[PDB]
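Here is the file coords-v8.cif (mmCIF, C-alpha atoms and all ligand atoms).
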data_data
loop_
_atom_site.label_atom_id
_atom_site.label_comp_id
_atom_site.auth_asym_id
_atom_site.auth_seq_id
_atom_site.Cartn_x
_atom_site.Cartn_y
_atom_site.Cartn_z
CA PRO N 25 21.09 -11.68 -22.52
CA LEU N 26 21.06 -10.57 -18.90
CA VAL N 27 24.29 -8.58 -19.38
CA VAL N 28 22.54 -6.84 -22.26
CA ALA N 29 19.48 -6.32 -20.03
CA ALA N 30 21.67 -4.87 -17.27
CA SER N 31 23.28 -2.51 -19.82
CA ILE N 32 19.89 -1.34 -21.08
CA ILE N 33 18.76 -0.77 -17.49
CA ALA N 34 21.88 1.31 -16.75
CA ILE N 35 21.10 3.51 -19.78
CA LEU N 36 17.44 3.84 -18.72
CA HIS N 37 18.74 5.10 -15.36
CA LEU N 38 20.84 7.71 -17.11
CA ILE N 39 17.87 8.82 -19.23
CA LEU N 40 15.64 9.16 -16.20
CA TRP N 41 18.32 11.06 -14.32
CA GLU N 42 18.73 13.52 -17.19
CA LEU N 43 14.96 13.95 -17.55
CA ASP N 44 14.71 14.74 -13.86
CA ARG N 45 17.42 17.38 -14.35
CA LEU N 46 15.45 18.92 -17.24
CA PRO V 25 29.64 -4.90 -12.21
CA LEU V 26 27.57 -5.96 -15.23
CA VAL V 27 28.24 -9.64 -14.42
CA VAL V 28 27.16 -9.09 -10.85
CA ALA V 29 24.05 -7.18 -11.99
CA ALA V 30 23.12 -9.89 -14.49
CA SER V 31 23.46 -12.52 -11.76
CA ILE V 32 21.25 -10.52 -9.35
CA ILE V 33 18.60 -10.11 -12.03
CA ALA V 34 18.68 -13.86 -12.72
CA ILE V 35 18.21 -14.68 -9.03
CA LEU V 36 15.42 -12.07 -8.58
CA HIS V 37 13.62 -13.74 -11.50
CA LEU V 38 13.92 -17.10 -9.76
CA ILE V 39 12.62 -15.66 -6.48
CA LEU V 40 9.64 -13.98 -8.16
CA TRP V 41 8.80 -17.07 -10.16
CA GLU V 42 8.83 -19.18 -7.02
CA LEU V 43 6.66 -16.65 -5.14
CA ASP V 44 4.23 -16.64 -8.04
CA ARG V 45 3.97 -20.43 -7.82
CA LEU V 46 3.19 -20.24 -4.09
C1 LIG O 101 8.23 2.31 -8.24
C2 LIG O 101 7.95 3.12 -9.50
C3 LIG O 101 8.87 4.31 -9.58
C4 LIG O 101 10.06 3.90 -10.34
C5 LIG O 101 11.25 4.69 -9.91
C6 LIG O 101 12.49 4.14 -10.60
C7 LIG O 101 13.75 4.84 -10.11
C8 LIG O 101 13.99 6.17 -10.88
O1 LIG O 101 15.32 6.01 -11.40
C9 LIG O 101 16.18 7.15 -11.66
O2 LIG O 101 17.49 6.56 -11.31
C10 LIG O 101 18.65 7.36 -11.44
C11 LIG O 101 19.83 6.48 -10.85
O3 LIG O 101 20.67 6.18 -11.91
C12 LIG O 101 18.48 8.70 -10.61
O4 LIG O 101 19.65 9.45 -10.90
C13 LIG O 101 17.09 9.45 -11.04
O5 LIG O 101 16.97 10.63 -10.27
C14 LIG O 101 15.85 8.49 -10.79
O6 LIG O 101 14.70 9.18 -11.26
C1 LIG O 102 15.21 -8.86 -17.48
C2 LIG O 102 14.23 -8.28 -16.45
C3 LIG O 102 14.95 -7.55 -15.30
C4 LIG O 102 14.11 -7.16 -14.09
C5 LIG O 102 14.37 -8.10 -13.02
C6 LIG O 102 13.40 -8.09 -11.87
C7 LIG O 102 11.82 -8.25 -12.14
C8 LIG O 102 11.35 -9.63 -12.81
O1 LIG O 102 9.83 -9.65 -12.92
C9 LIG O 102 9.09 -10.91 -13.25
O2 LIG O 102 7.92 -10.98 -12.30
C10 LIG O 102 6.99 -12.09 -12.43
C11 LIG O 102 5.93 -12.14 -11.19
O3 LIG O 102 4.77 -11.39 -11.49
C12 LIG O 102 7.85 -13.42 -12.41
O4 LIG O 102 6.97 -14.49 -12.67
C13 LIG O 102 8.93 -13.35 -13.52
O5 LIG O 102 9.53 -14.62 -13.52
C14 LIG O 102 9.94 -12.24 -13.14
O6 LIG O 102 10.92 -12.31 -14.11
#
Write-out of the structure in structure tokens:
Amino acid sequence: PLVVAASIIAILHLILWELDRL
Amino acid sequence: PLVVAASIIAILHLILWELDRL
């Protein structure tokens, strides 16, 4: 479960990074 | 890296739970 959580967090980071770029 | 991240999250949870108790 915490590996899944870490994976979700990594993807949230990517989303936020792309939103900041937009 | 995901194993390390998961482990850090687990330990942060423990730290926060203990602080909350105090
Ligand atoms: C404390 C409340 C503010 C929360 C800020 C969370 C951090 C924003 O997280 C995002 O992380 C990415 C790293 O992968 C960066 O590339 C983005 O620019 C940054 O917006
Ligand atoms: C799976 C969640 C990942 C984020 C990890 C770091 C933040 C955990 O935030 C939570 O804060 C509460 C104190 O108000 C504690 O009681 C919880 O035990 C702790 O898990």
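The gap separating atom CA of residue 43 of chain N from atom CA of residue 29 of chain N is 20.9 Å, in Å to one decimal.
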Counting all atoms listed in the file, chain N residues within 7 Å of chain V, as a PyMOL selection string: chain N and resi 26-27+30
Could you fit chain V onto chain N with a least-squares superposition over all C-alpha atoms, matched one to one in order, and give me the transformed chain as a JSON list (two decimals) with C-alpha atoms, in the frame of the given file?
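Heads up, here's the output in part.json:
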[["chain", "number", "residue", "atom", "x", "y", "z"],
["V", 25, "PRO", "CA", 20.88, -11.67, -22.35],
["V", 26, "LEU", "CA", 21.46, -10.69, -18.71],
["V", 27, "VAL", "CA", 24.44, -8.53, -19.75],
["V", 28, "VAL", "CA", 22.34, -6.83, -22.38],
["V", 29, "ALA", "CA", 19.47, -6.33, -19.90],
["V", 30, "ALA", "CA", 21.81, -4.90, -17.27],
["V", 31, "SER", "CA", 23.21, -2.47, -19.84],
["V", 32, "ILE", "CA", 19.71, -1.34, -20.91],
["V", 33, "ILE", "CA", 18.73, -0.77, -17.29],
["V", 34, "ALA", "CA", 21.88, 1.29, -16.74],
["V", 35, "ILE", "CA", 21.15, 3.48, -19.77],
["V", 36, "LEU", "CA", 17.44, 3.90, -18.83],
["V", 37, "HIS", "CA", 18.61, 5.12, -15.41],
["V", 38, "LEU", "CA", 20.86, 7.68, -17.10],
["V", 39, "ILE", "CA", 18.03, 8.85, -19.37],
["V", 40, "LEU", "CA", 15.58, 9.21, -16.47],
["V", 41, "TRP", "CA", 18.11, 11.01, -14.32],
["V", 42, "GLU", "CA", 18.82, 13.47, -17.11],
["V", 43, "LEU", "CA", 15.08, 14.04, -17.73],
["V", 44, "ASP", "CA", 14.60, 14.64, -14.02],
["V", 45, "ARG", "CA", 17.33, 17.29, -14.11],
["V", 46, "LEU", "CA", 15.62, 19.07, -17.02]]
Per-axis box centre and lengths in Å around ligand LIG 101 (chain O), 5 Å margin per side, axis-aligned, as lines of an AutoDock Vina configuration file:
center_x = 14.3
center_y = 6.5
center_z = -10.1
size_x = 22.7
size_y = 18.3
size_z = 13.7
